[PDB]
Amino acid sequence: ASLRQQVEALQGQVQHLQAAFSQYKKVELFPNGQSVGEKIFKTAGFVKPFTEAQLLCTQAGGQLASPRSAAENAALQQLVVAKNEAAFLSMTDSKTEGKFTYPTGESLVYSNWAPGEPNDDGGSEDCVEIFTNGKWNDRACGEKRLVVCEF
């Protein structure tokens, strides 16, 4: 019976914590983040070449944005539109030209290539950017694009 008092008390504490956490999470995502499902995109708000962007996300405990569905892509698109800057995705075909993979080596399960893409322009486009319209284009890894990580 004293255990029941403790349980009822802990239940109230945990629910107040859930409520505070939920509020702080909305605050956290405004205006540089987007949640979609269990994934959270957050932009750093500046641009970097791919290798540097990739390092920022991994050091932060995440990875570069990797939309795996239309819904994820739409969420990511909101951030790009808000910053009005194309962003890098995580995926590259550096290992095998024409074959884009996630950092793990897995093949794409979703893509949203703009018409005519990916075209490996100049013979050297192995990174991927997402435009303000949400479509993707292969782009040289040395160009600077908005940094958006996923967690």
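Note that the rigid core is defined as the largest set of C-alphas that superpose within 1.5 Å between two forms. From 1 onward, residues are counted along the sequence shown.
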After a core fit, does 18-26 or 136-144 show the bigger CA gap to the shown form in 9 other deposited structures of this protein? 18-26
78-86 set against 37-45, stretch whose average Cα temperature factor tops the other in the entry: 78-86
Between 51-59 and 99-107, point out the one with the higher average CA B-factor as the PDB entry records it. 99-107
Go through 127, 130, 20, 10 one by one and give the residue whose Cα B-factor in the PDB entry is largest. 10
Which third of the chain holds residue 135 when residues are ordered by C-alpha B factor: lowest, middle or highest? middle
Which third of the chain holds residue 31 when residues are ordered by C-alpha B factor: lowest, middle or highest? lowest
Using the B-factors in the PDB entry, rank residue 69's C-alpha atom against the chain and give the third, lowest, middle or highest. highest
